[PDB]
Amino acid sequence: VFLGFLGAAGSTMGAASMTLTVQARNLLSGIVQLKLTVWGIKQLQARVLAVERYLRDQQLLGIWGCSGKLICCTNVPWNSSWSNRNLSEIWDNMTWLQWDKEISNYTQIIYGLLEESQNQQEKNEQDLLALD
Amino acid sequence: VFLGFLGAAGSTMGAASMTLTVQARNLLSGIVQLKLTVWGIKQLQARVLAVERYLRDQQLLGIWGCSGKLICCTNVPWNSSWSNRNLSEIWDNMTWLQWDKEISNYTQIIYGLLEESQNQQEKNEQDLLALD
Amino acid sequence: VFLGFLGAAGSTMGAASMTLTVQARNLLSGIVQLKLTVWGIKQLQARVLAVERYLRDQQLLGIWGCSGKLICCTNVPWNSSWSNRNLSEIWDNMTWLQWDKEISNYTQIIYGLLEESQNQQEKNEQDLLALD
Amino acid sequence: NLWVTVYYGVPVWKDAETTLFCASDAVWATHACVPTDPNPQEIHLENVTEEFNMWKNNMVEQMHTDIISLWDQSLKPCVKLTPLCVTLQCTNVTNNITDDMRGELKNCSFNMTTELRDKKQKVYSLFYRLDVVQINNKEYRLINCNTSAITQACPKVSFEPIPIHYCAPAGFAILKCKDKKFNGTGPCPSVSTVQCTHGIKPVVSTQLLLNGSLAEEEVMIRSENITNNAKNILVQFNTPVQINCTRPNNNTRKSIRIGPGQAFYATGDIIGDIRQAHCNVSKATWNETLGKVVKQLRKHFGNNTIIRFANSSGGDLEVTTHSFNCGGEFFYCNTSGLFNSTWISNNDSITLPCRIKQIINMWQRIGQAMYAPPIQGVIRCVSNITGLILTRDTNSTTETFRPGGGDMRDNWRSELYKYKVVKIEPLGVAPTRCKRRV
Amino acid sequence: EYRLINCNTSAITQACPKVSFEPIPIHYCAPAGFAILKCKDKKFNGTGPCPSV
Ligand SMILES: *[C@@H]1O[C@H](CO)[C@@H](O[C@@H]2O[C@H](CO)[C@@H](O[C@@H]3O[C@H](CO)[C@@H](O)[C@H](O)[C@@H]3O)[C@H](O)[C@H]2NC(C)=O)[C@H](O)[C@H]1NC(C)=O
Ligand SMILES: *[C@@H]1O[C@H](CO)[C@@H](O[C@@H]2O[C@H](CO)[C@@H](O[C@@H]3O[C@H](CO)[C@@H](O)[C@H](O)[C@@H]3O)[C@H](O)[C@H]2NC(C)=O)[C@H](O)[C@H]1NC(C)=O
Ligand SMILES: *[C@@H]1O[C@H](CO)[C@@H](O[C@@H]2O[C@H](CO)[C@@H](O[C@@H]3O[C@H](CO)[C@@H](O)[C@H](O)[C@@H]3O)[C@H](O)[C@H]2NC(C)=O)[C@H](O)[C@H]1NC(C)=O
Ligand SMILES: *[C@@H]1O[C@H](CO)[C@@H](O[C@@H]2O[C@H](CO)[C@@H](O[C@@H]3O[C@H](CO)[C@@H](O)[C@H](O)[C@@H]3O)[C@H](O)[C@H]2NC(C)=O)[C@H](O)[C@H]1NC(C)=O
Ligand SMILES: *[C@@H]1O[C@H](CO)[C@@H](O[C@@H]2O[C@H](CO)[C@@H](O[C@@H]3O[C@H](CO)[C@@H](O)[C@H](O)[C@@H]3O)[C@H](O)[C@H]2NC(C)=O)[C@H](O)[C@H]1NC(C)=O
Ligand SMILES: *[C@@H]1O[C@H](CO)[C@@H](O[C@@H]2O[C@H](CO)[C@@H](O[C@@H]3O[C@H](CO)[C@@H](O)[C@H](O)[C@@H]3O)[C@H](O)[C@H]2NC(C)=O)[C@H](O)[C@H]1NC(C)=O
Ligand SMILES: *[C@@H]1O[C@H](CO)[C@@H](O[C@@H]2O[C@H](CO)[C@@H](O[C@@H]3O[C@H](CO)[C@@H](O)[C@H](O)[C@@H]3O)[C@H](O)[C@H]2NC(C)=O)[C@H](O)[C@H]1NC(C)=O
Ligand SMILES: *[C@@H]1O[C@H](CO)[C@@H](O[C@@H]2O[C@H](CO)[C@@H](O)[C@H](O)[C@H]2NC(C)=O)[C@H](O)[C@H]1NC(C)=O
Ligand SMILES: *[C@@H]1O[C@H](CO)[C@@H](O[C@@H]2O[C@H](CO)[C@@H](O)[C@H](O)[C@H]2NC(C)=O)[C@H](O)[C@H]1NC(C)=O
Ligand SMILES: *[C@@H]1O[C@H](CO)[C@@H](O[C@@H]2O[C@H](CO)[C@@H](O)[C@H](O)[C@H]2NC(C)=O)[C@H](O)[C@H]1NC(C)=O
Ligand SMILES: *[C@@H]1O[C@H](CO)[C@@H](O[C@@H]2O[C@H](CO)[C@@H](O)[C@H](O)[C@H]2NC(C)=O)[C@H](O)[C@H]1NC(C)=O
Ligand SMILES: *[C@@H]1O[C@H](CO)[C@@H](O[C@@H]2O[C@H](CO)[C@@H](O)[C@H](O)[C@H]2NC(C)=O)[C@H](O)[C@H]1NC(C)=O
Ligand SMILES: *[C@@H]1O[C@H](CO)[C@@H](O[C@@H]2O[C@H](CO)[C@@H](O)[C@H](O)[C@H]2NC(C)=O)[C@H](O)[C@H]1NC(C)=O
Ligand SMILES: *[C@@H]1O[C@H](CO)[C@@H](O[C@@H]2O[C@H](CO)[C@@H](O)[C@H](O)[C@H]2NC(C)=O)[C@H](O)[C@H]1NC(C)=O
Ligand SMILES: *[C@@H]1O[C@H](CO)[C@@H](O[C@@H]2O[C@H](CO)[C@@H](O)[C@H](O)[C@H]2NC(C)=O)[C@H](O)[C@H]1NC(C)=O
Ligand SMILES: *[C@@H]1O[C@H](CO)[C@@H](O[C@@H]2O[C@H](CO)[C@@H](O)[C@H](O)[C@H]2NC(C)=O)[C@H](O)[C@H]1NC(C)=O
Ligand SMILES: *[C@@H]1O[C@H](CO)[C@@H](O)[C@H](O)[C@H]1NC(C)=O
Ligand SMILES: *[C@@H]1O[C@H](CO)[C@@H](O)[C@H](O)[C@H]1NC(C)=O
Ligand SMILES: *[C@@H]1O[C@H](CO)[C@@H](O)[C@H](O)[C@H]1NC(C)=O
Ligand SMILES: *[C@@H]1O[C@H](CO)[C@@H](O)[C@H](O)[C@H]1NC(C)=O
Ligand SMILES: *[C@@H]1O[C@H](CO)[C@@H](O)[C@H](O)[C@H]1NC(C)=O
Ligand SMILES: *[C@@H]1O[C@H](CO)[C@@H](O)[C@H](O)[C@H]1NC(C)=O
Ligand SMILES: *[C@@H]1O[C@H](CO)[C@@H](O)[C@H](O)[C@H]1NC(C)=O
């Protein structure tokens with residue numbers, strides 16, 4: 001069922017995952033459509049910042065070997081120190097906003113392993129499987 | 001054989017598909033290379049609009065799980081109401097311009113299922129194949 | 001071991017390949033953060049040129065069926081005329097700068113086959129494997 | 001059964017307007033412009049046909065306003081002539097007796113404010129009676145002062161038309177028909193495409209078109225509506241018609257330091273061959289070409305009608321006569337000597353009297369005016385007449401036609417008709433026998 | 001009788017009493033894709049190879 005932009009924002013993370021694309025589209029949006037003038041360089045600046053805003057994180061997903069995004073798995077195990085809750089305590093009983101409230105503390109820390117571990121090791125390995 | 005930019009424009013859709021990349025390159029092109037001044041914000045605006053113009057549709061191909069574009073298949077069946085012709089009546093006897101002349105009527109309609117169906121279902125499923 | 005931006009620049013191509021991502025991140029960088037004014041359209045222009053600079057080559061990697069970049073293989077064989085050296089003479093005894101010094105002569109020439117051969121043939125073929 | 005297959009890089013497009021930008025080589029207003037490629041590319045497109053429409057081609061509109069913008073920008077940093085608006089004390093100039101030149105200029109003098117804001121200086125300058133008007137020796141006034149302020153064009157900047165190329169941004173294509181035939185709109189059997197347009201010179205002129213492109217085959221007649229005499233007619237020639245115009249006056253430039261700081265270039269003295277400026281036209285050539293034009297006209301009005309040519313309806317000098325720029329000087333010529341003929345049912349050379357103005361108004365624009373500095377020495381030049389701007393005038397045989405203009409978008413359109421801009425849509429889908437596996 | 005020397009060459013503008021002319025340390029940065037290289041070699045002829053970059 002089509003809910004609308006951010007229509008699942010007020011639901012559990014499990015439920016919300018159903019309709020990530022409805023949001024995804026408008027994360028970059030597009031369209032929009034005497035010189036200078038007020039707004040003359042503001043629509044300019046804003047529309048630029050939108051593009052940068054998008055790609056800055058998209059590239060990270062490019063690095064984190066997935067690309068086929070919205071959702072993908074890794075080979076990095078979850079450290080229990082990063083909010084030790086059960087799946088039903090998390091996915092079936094918590095919104096994404098509530099999630100960030102806690103996990104945001106380890107953002108860069110988790111990014112470290114995502115930015116690396118697998119990306120490093122998945123490769124070489126393959127290069128070696130190509131030996132024969 | 002290298003034809004040139006849009007060199008296959010005047011051929012059947014089957015034939016034209018041979019050299020989609022020759023076109024693809026220049027869809028974004030690149031290069032190009034007293035303040036303000038006429039042209040001062042026009043080359044600016046234009047070069048920006050080129051980038052947006054490109055990515056707006058590229059993201060759709062990102063959503064429509066392919067990425068490795070120019071051509072890819074889906075798991076959405078073709079509805080016969082969308083111009084009921086045979087393959088030889090289409091691919092071996094029609095240009096892309098002639099094609100759009102008709103199919104353009106159902107553009108957003110087809111996009112609906114492309115934007116969704118598979119993208120929704122292909123996933124979850126996988127998540128379930130990962131159970132073991 | 002984290003070296004830093006371009007930290008492996010002064011090492012063999014084999015060694016340098018270890019930490020390509022450390023460089024990759026800052027190839028686009030991001031962040032950064034009376035009208036006009038000096039710098040008023042310079043930070044503008046520069047930040048734009050960064051985006052273009054990036055994507056212009058990224059699209060090529062999009063065309064060259066890899067996407068999961070930093071490293072990927074092809075089905076194009078290496079022509080011996082393109083600097084005939086042994087692997088130990090190349091990978092274990094040469095920096096990337098030294099490499100370009102020579103191979104730069106055949107840049108566009110090699111791009112020809114990369115831009116094409118495989119991209120053309122890998123496909124069709126698949127379309128045919130989909131027959132059943 | 002067939003499935004939805006996604007395609008990208010599809011060679012299709014829709015007619016659409018975007019922001020074009022220039023290119024030209026490496027004077028007028030062009031410097032801030034991307035150099036052209038040393039190898040402009042093209043490609044004829046076989047089996048590709050579609051309609052053009054020069055009458056709704058918005059490329060013209062952009063070009064027009066862009067040229068205007070350039071004009072203004074080139075004047076802002078130049079010297080304003082605000083303090084020139086004073087009472088002038090003027091007298092006749094005794095040209096070689098008795099009087100063939102009719103004077104046309106007055107030996108005007110006036111108390112002028114100088115760099116020493118305080119003590120003024122009695123100075124003089126020669127002005128054309130087209131620039132000044134009697135108040136109420138006698139008292140005269142600079143004509144512009146009743147309408148707006150006037151700015152002196154810099155002596156360094158020129159007005160020489162320079163070939164400009166137009167390019168579309170990525171995702172947009174420049175389409176160009178090569179069909180030698182064209183009615184002004186409709187399908188073209190032979191369509192090609194280019195990176196950018198050919199070099200077009202921004203030549204401003206009325207009535208006559210100068211230094212444009214040539215037509216192939218026969219003379220071309222193009223009009224939004226031939227039958228509607230509220231419209232007009234564009235005529236493109238096949239062969240360049242030489243015109244050679246001269247101003248035989250080795251005059252000086254008594255520049256006056258009407259600062260502070262900024263300098264004004266007044267008119268010094270006029271010496272040499274005191275003859276009226278005029279143009280030389282090869283008469284037999286004109287007659288021959290005109291005939292070729294009439295042939296076309298015959299072909300859209302009948303094989304039993306009469307064609308007459310006459311001058312304009314009169315009125316505003318800018319429309320009445322042929323206006324054009326040569327070397328910074330502005331000429332107004334009586335084209336009655338050309339447009340005076342007739343054709344039935346089925347050296348020699350021509351001298352065209354011209355006048356010189358120093359105060360002019362561009363593109364029918366009121367609210368501002370520009371002062372041309374006098375150009376020192378004898379001024380003479382030559383150009384190619386490449387087309388006509390004609391209008392259509394008891395309607396069962398004889399029809400009369402006459403020169404017009406005014407709207408300079410007409411001039412740009414006379415060239416840009418060969419081009420149109422379309423927006424490419426890379427993304428497409430089609431039915432294909434294929435079921436996609438995991 | 002005397003004259004302001006500038007008046008024979010051009011107009012002259014008064015600098016605002018609020019604005020100053022104190023030199024302030026400025027840093028220069030390159031956009032992404034470009035690098036700022038800096039030799040630390042205490043020796044330098046004005047041009048040539050630097051052992052320590
Ligand atoms: C907004 O939050 C409310 C709770 O404050 C959520 O309420 C839940 O709404 C659904 C739909 O009405 C209820 O689900 C239905 O429950 C019955 C019985 O359990 C079951 O038979 C149905 O198959 C269905 O699941 C759910 O029980 C109800 N929860 C409670 C606490 O009453 C609602 O889901 C929230 N919306 C967002 C977008 O998260
Ligand atoms: C432009 O449209 C024309 C038709 O108006 C297309 O003509 C086709 O051109 C090819 C090449 O000359 C012909 O193919 C050859 O035909 C012979 C006999 O069938 C066969 O022995 C060869 O192996 C080859 O296929 C084709 O027959 C001809 N079609 C007709 C109607 O004469 C041309 O392909 C079009 N170009 C574009 C880019 O689509
Ligand atoms: C900078 O260039 C220098 C050479 O000018 C490179 O020196 C190499 O440094 C490594 C680390 O000190 C040495 O590796 C060690 O060698 C011993 C014996 O072979 C081995 O037992 C160790 O396992 C280890 O590989 C290496 O021998 C030394 N090379 C030479 C010529 O002395 C250094 O690697 C360069 N750095 C960059 C980033 O390329
Ligand atoms: C600027 O040129 C004007 C002429 O274009 C000069 O005008 C002269 O101005 C003076 C002062 O207003 C007039 O003088 C007065 O005339 C009356 C009657 O003749 C006499 O009763 C007074 O004693 C006095 O002389 C003079 O007549 C007038 N000239 C004319 C033609 O109207 C003015 O002098 C010039 N300034 C410069 C600095 O030369
Ligand atoms: C146009 O009006 C100007 C004044 O606005 C007249 O200027 C006069 O020009 C002559 C020739 O340059 C000057 O005559 C020469 O003066 C010197 C010194 O008085 C004398 O040595 C020479 O024998 C000769 O007469 C005259 O002084 C100058 N007048 C002023 C006010 O500077 C010019 O005559 C006018 N032309 C017409 C056709 O009336
Ligand atoms: C080319 O433009 C001309 C004029 O701009 C168009 O001519 C117009 O043609 C129609 C049909 O012959 C005339 O309409 C008829 O007028 C009479 C009297 O006003 C009225 O009784 C009828 O009911 C009808 O409206 C119209 O007057 C005539 N206009 C003029 C200026 O004579 C012609 O239609 C244009 N062609 C194109 C393709 O648009
Ligand atoms: C184009 O040449 C024609 C002649 O071929 C010129 O015609 C002249 O036009 C004016 C305006 O319609 C006529 O002037 C009016 O005449 C009446 C009676 O003489 C008078 O009462 C008015 O005050 C006014 O002057 C003039 O007579 C007419 N000439 C003839 C021969 O009919 C027209 O002036 C020419 N245009 C150009 C720009 O020279
Ligand atoms: C999970 O990450 C935590 C830090 O977020 C790691 O914590 C370390 O735990 C050991 C054992 O208690 C201590 O010796 C360290 O001092 C702790 N570090 C800090 C920052 O407090 C823990 O090692 C991590 N587990 C995994 C498997 O890497
Ligand atoms: C193919 O799409 C068409 C609409 O483009 C669908 O048309 C419906 O067809 C049924 C049967 O004739 C009618 O009850 C509906 O009213 C039609 N809809 C409209 C918009 O006219 C058809 O259902 C589609 N087929 C598939 C398999 O979904
Ligand atoms: C490798 O590329 C070289 C060009 O870089 C090719 O060289 C050709 O070699 C043959 C045999 O010596 C000559 O007939 C040609 O004239 C050479 N070309 C030029 C440009 O010199 C060589 O063919 C290439 N090999 C592969 C397998 O394609
Ligand atoms: C300047 O010479 C012109 C002629 O070149 C004179 O013109 C006369 O002006 C008056 C007023 O407008 C008219 O009554 C005459 O009919 C005009 N003559 C002609 C030939 O048109 C003018 O008088 C002269 N001024 C001086 C001071 O003598
Ligand atoms: C501004 O001055 C112009 C002349 O420079 C005046 O123009 C006259 O206007 C009337 C009405 O259109 C015409 O009868 C005259 O022939 C025009 N003169 C010329 C030289 O063309 C206009 O009247 C002036 N405006 C003001 C308010 O006085
Ligand atoms: C007038 O137009 C003619 C074209 O009809 C131009 O002719 C060129 O003249 C030069 C000098 O004789 C030759 O180098 C060219 O090859 C001629 N072109 C052609 C088409 O024959 C001439 O340049 C034009 N004059 C103006 C000032 O543009
Ligand atoms: C006007 O009469 C001429 C002949 O005097 C006609 O000329 C024909 O024109 C067409 C088109 O150019 C050619 O196909 C014919 O071969 C021409 N005939 C000859 C004799 O050369 C023209 O058709 C006539 N127009 C009218 C409306 O009937
Ligand atoms: C229009 O041009 C014709 C020539 O095409 C001119 O004709 C002259 O007319 C006068 C009056 O009838 C005669 O005295 C001449 O002998 C005619 N010349 C010839 C060649 O026959 C007429 O003067 C022109 N009109 C304009 C205003 O210049
Ligand atoms: C502008 O005024 C300056 C002085 O303020 C003049 O400068 C003199 O120029 C000559 C020629 O170079 C030298 O002999 C003098 O020594 C200069 N004076 C000084 C103060 O340096 C210059 O001549 C003036 N220009 C005008 C047109 O009078
Ligand atoms: C994990 O959930 C189980 C019930 O599924 C519960 O017994 C345990 O308390 C939970 N974890 C926490 C930290 O309490
Ligand atoms: C995250 O840690 C910061 C201190 O680093 C603290 O202020 C905040 O309460 C922490 N959040 C969690 C959920 O403990
Ligand atoms: C489909 O093509 C077959 C021949 O291949 C033909 O018999 C049938 O008429 C075609 N479809 C249409 C709608 O006619
Ligand atoms: C597409 O439908 C529109 C009306 O919605 C119609 O104007 C046009 O003719 C249609 N095209 C096709 C091929 O039927
Ligand atoms: C390739 O290396 C081998 C040793 O591994 C050597 O014998 C041969 O000389 C090398 N190639 C070149 C061109 O010399
Ligand atoms: C590359 O070839 C150019 C000439 O095309 C030459 O100047 C340069 O030396 C060449 N480099 C190599 C390594 O031979
Ligand atoms: C122009 O020549 C035509 C014949 O080609 C003739 O009818 C007409 O009289 C000519 N005009 C001139 C001025 O001689």
# chains A, B, ... in the order shown; residues from 1 in each chain; ligands from 1
>>> interface_residues(of="chain A", to="chain B", cutoff="10 Å", atoms="only C-alpha atoms", output="NGL selection string")
:A and (18-22 or 24-25 or 28-31 or 33 or 35-36 or 41 or 44 or 47-48 or 51 or 67-73)
>>> select_by_dssp(residues="chain E", states="helix (DSSP H, G or I)", output="list in words")
residues 5, 6, 7 and 8 of chain E
>>> write_last_selection(atoms="C-alpha atoms", output="short mmCIF file (atom, residue, chain, number, x, y, z; two decimals), in the first residue's frame")
data_model
loop_
_atom_site.label_atom_id
_atom_site.label_comp_id
_atom_site.auth_asym_id
_atom_site.auth_seq_id
_atom_site.Cartn_x
_atom_site.Cartn_y
_atom_site.Cartn_z
CA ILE E 5 47.24 65.49 -7.88
CA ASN E 6 44.75 62.71 -8.67
CA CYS E 7 42.33 65.00 -10.50
CA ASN E 8 44.48 65.04 -13.63
#
>>> residues_near_ligand(ligand="ligand 4", cutoff="7 Å", atoms="only C-alpha atoms and all ligand atoms", output="NGL selection string")
:D and (89 or 110-111 or 120-122)
>>> residues_around(residues="range 29-44 of chain E", least_positions_apart="4", cutoff="6 Å", atoms="only C-alpha atoms", output="VMD selection string")
(chain C and resid 27 to 29 46 50) or (chain E and resid 52 to 53)
>>> write_last_selection(atoms="N, CA, C and O atoms", output="CSV table (one decimal), in the first residue's frame")
chain,number,residue,atom,x,y,z
C,27,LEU,N,38.8,11.7,-2.9
C,27,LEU,CA,38.8,12.0,-4.3
C,27,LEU,C,37.6,12.9,-4.6
C,27,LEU,O,37.6,13.8,-5.5
C,28,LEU,N,36.6,12.8,-3.8
C,28,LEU,CA,35.4,13.7,-3.8
C,28,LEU,C,35.2,14.4,-2.5
C,28,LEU,O,34.7,15.5,-2.5
C,29,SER,N,35.7,13.8,-1.4
C,29,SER,CA,35.9,14.5,-0.2
C,29,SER,C,34.6,14.9,0.5
C,29,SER,O,34.2,14.3,1.5
C,46,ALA,N,34.6,25.8,-7.9
C,46,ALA,CA,35.5,24.7,-7.5
C,46,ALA,C,34.8,23.5,-7.1
C,46,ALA,O,35.1,22.4,-7.5
C,50,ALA,N,34.8,19.7,-8.8
C,50,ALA,CA,35.0,18.5,-8.1
C,50,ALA,C,34.0,17.4,-8.4
C,50,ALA,O,34.4,16.3,-8.7
E,52,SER,N,62.7,15.4,-0.2
E,52,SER,CA,61.8,15.3,0.8
E,52,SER,C,60.5,16.1,0.5
E,52,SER,O,60.4,17.3,0.8
E,53,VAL,N,59.5,15.4,0.0
E,53,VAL,CA,58.2,16.0,-0.3
E,53,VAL,C,57.1,15.5,0.6
E,53,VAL,O,57.0,14.3,0.9
>>> closest_atom_pairs(of="chain C", to="ligand 3", cutoff="7 Å", atoms="only C-alpha atoms and all ligand atoms", output="JSON lines")
{"residue": "C:8", "atom": "CA", "partner": "ligand 3", "partner_atom_place_in_ligand_line": "38 (C)", "distance": 4.8}
{"residue": "C:9", "atom": "CA", "partner": "ligand 3", "partner_atom_place_in_ligand_line": "38 (C)", "distance": 6.4}
{"residue": "C:10", "atom": "CA", "partner": "ligand 3", "partner_atom_place_in_ligand_line": "38 (C)", "distance": 4.3}
{"residue": "C:11", "atom": "CA", "partner": "ligand 3", "partner_atom_place_in_ligand_line": "39 (O)", "distance": 2.4}
{"residue": "C:12", "atom": "CA", "partner": "ligand 3", "partner_atom_place_in_ligand_line": "39 (O)", "distance": 5.4}
>>> write_last_selection(atoms="N, CA and C atoms", output="PDB file, in the first residue's frame")
ATOM      1  N   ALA C   8      50.588   5.711   0.738  1.00  0.00           N
ATOM      2  CA  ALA C   8      51.311   4.640   0.064  1.00  0.00           C
ATOM      3  C   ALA C   8      51.847   5.089  -1.295  1.00  0.00           C
ATOM      4  N   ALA C   9      51.758   6.387  -1.563  1.00  0.00           N
ATOM      5  CA  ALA C   9      52.150   6.922  -2.860  1.00  0.00           C
ATOM      6  C   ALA C   9      53.590   6.552  -3.193  1.00  0.00           C
ATOM      7  N   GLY C  10      54.431   6.495  -2.168  1.00  0.00           N
ATOM      8  CA  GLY C  10      55.834   6.176  -2.349  1.00  0.00           C
ATOM      9  C   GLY C  10      56.119   4.708  -2.089  1.00  0.00           C
ATOM     10  N   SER C  11      55.388   3.842  -2.784  1.00  0.00           N
ATOM     11  CA  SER C  11      55.608   2.407  -2.687  1.00  0.00           C
ATOM     12  C   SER C  11      55.279   1.716  -4.004  1.00  0.00           C
ATOM     13  N   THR C  12      55.597   0.432  -4.091  1.00  0.00           N
ATOM     14  CA  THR C  12      55.312  -0.350  -5.291  1.00  0.00           C
ATOM     15  C   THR C  12      53.809  -0.479  -5.518  1.00  0.00           C
TER      16      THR C  12
END
>>> residues_near_ligand(ligand="ligand 8", cutoff="12 Å", atoms="only C-alpha atoms and all ligand atoms", output="PyMOL selection string")
chain A and resi 76-84+103+105-110+112-113
>>> write_last_selection(atoms="N, CA and C atoms", output="short mmCIF file (atom, residue, chain, number, x, y, z; two decimals), in the first residue's frame")
data_model
loop_
_atom_site.label_atom_id
_atom_site.label_comp_id
_atom_site.auth_asym_id
_atom_site.auth_seq_id
_atom_site.Cartn_x
_atom_site.Cartn_y
_atom_site.Cartn_z
N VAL A 76 30.73 -8.42 8.61
CA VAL A 76 31.17 -7.86 9.88
C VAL A 76 30.20 -8.21 11.01
N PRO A 77 30.70 -8.92 12.03
CA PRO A 77 29.86 -9.32 13.17
C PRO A 77 29.53 -8.14 14.08
N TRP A 78 28.35 -8.16 14.69
CA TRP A 78 27.92 -7.07 15.56
C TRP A 78 28.52 -7.20 16.95
N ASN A 79 29.21 -6.15 17.39
CA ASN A 79 29.78 -6.12 18.73
C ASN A 79 28.70 -5.84 19.77
N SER A 80 28.65 -6.68 20.80
CA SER A 80 27.56 -6.65 21.77
C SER A 80 27.52 -5.35 22.57
N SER A 81 28.64 -4.65 22.63
CA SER A 81 28.72 -3.38 23.35
C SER A 81 27.87 -2.30 22.68
N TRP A 82 27.51 -2.52 21.42
CA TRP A 82 26.72 -1.56 20.66
C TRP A 82 25.23 -1.76 20.91
N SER A 83 24.79 -1.43 22.13
CA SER A 83 23.39 -1.60 22.54
C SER A 83 22.96 -3.06 22.46
N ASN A 84 23.16 -3.80 23.55
CA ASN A 84 22.82 -5.21 23.60
C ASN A 84 21.34 -5.48 23.84
N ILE A 103 22.33 4.14 18.92
CA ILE A 103 23.43 3.60 18.13
C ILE A 103 24.31 4.71 17.56
N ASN A 105 25.92 6.81 18.91
CA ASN A 105 27.15 6.87 19.68
C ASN A 105 28.34 6.15 19.06
N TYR A 106 28.07 5.12 18.26
CA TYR A 106 29.13 4.32 17.68
C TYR A 106 29.21 4.45 16.16
N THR A 107 28.63 5.51 15.62
CA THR A 107 28.51 5.67 14.17
C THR A 107 29.85 5.49 13.46
N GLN A 108 30.80 6.35 13.77
CA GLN A 108 32.08 6.35 13.08
C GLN A 108 32.83 5.06 13.34
N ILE A 109 32.68 4.55 14.55
CA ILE A 109 33.28 3.29 14.98
C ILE A 109 32.86 2.11 14.12
N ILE A 110 31.56 2.00 13.89
CA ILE A 110 31.03 0.95 13.01
C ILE A 110 31.46 1.18 11.57
N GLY A 112 34.13 2.38 10.48
CA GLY A 112 35.48 1.88 10.35
C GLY A 112 35.53 0.50 9.71
N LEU A 113 34.81 -0.45 10.29
CA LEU A 113 34.83 -1.83 9.80
C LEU A 113 34.07 -1.97 8.48
#
>>> residues_near_ligand(ligand="ligand 15", cutoff="8 Å", atoms="only C-alpha atoms and all ligand atoms", output="VMD selection string")
chain D and resid 336 to 337 340 to 341
>>> write_last_selection(atoms="N, CA, C and O atoms", output="CSV table (one decimal), in the first residue's frame")
chain,number,residue,atom,x,y,z
D,336,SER,N,15.3,54.0,-51.7
D,336,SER,CA,14.4,54.3,-52.8
D,336,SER,C,15.1,54.0,-54.1
D,336,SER,O,14.5,53.5,-55.1
D,337,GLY,N,16.4,54.2,-54.2
D,337,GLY,CA,17.2,53.9,-55.4
D,337,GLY,C,17.3,52.5,-55.7
D,337,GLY,O,17.6,52.1,-56.9
D,340,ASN,N,12.6,50.4,-56.4
D,340,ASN,CA,11.8,51.1,-57.3
D,340,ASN,C,11.7,50.4,-58.7
D,340,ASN,O,12.4,50.8,-59.6
D,341,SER,N,10.8,49.5,-58.8
D,341,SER,CA,10.7,48.7,-60.0
D,341,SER,C,9.3,48.1,-60.1
D,341,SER,O,8.4,48.4,-59.3
>>> residues_near_ligand(ligand="ligand 12", cutoff="7 Å", atoms="only C-alpha atoms and all ligand atoms", output="MDAnalysis selection string")
chainID D and resid 133 143:144 146:147
>>> atom_distance(atom1="CA of residue 87 in chain C", atom2="CA of residue 131 in chain A")
14.5 Å
>>> residues_near_ligand(ligand="ligand 6", cutoff="6 Å", atoms="only C-alpha atoms and all ligand atoms", output="list in words")
residues 225, 227 and 228 of chain D
>>> residues_near_ligand(ligand="ligand 23", cutoff="8 Å", atoms="only C-alpha atoms and all ligand atoms", output="PDB file with C-alpha atoms, in the first residue's frame")
ATOM      1  CA  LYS D 283      22.887  47.921 -60.969  1.00  0.00           C
ATOM      2  CA  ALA D 284      22.774  45.022 -63.436  1.00  0.00           C
ATOM      3  CA  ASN D 287      18.235  43.841 -61.544  1.00  0.00           C
ATOM      4  CA  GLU D 288      19.236  40.253 -62.222  1.00  0.00           C
ATOM      5  CA  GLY D 291      14.228  39.156 -61.186  1.00  0.00           C
ATOM      6  CA  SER D 341      10.654  48.697 -60.008  1.00  0.00           C
ATOM      7  CA  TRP D 343       7.480  43.364 -63.383  1.00  0.00           C
TER       8      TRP D 343
END
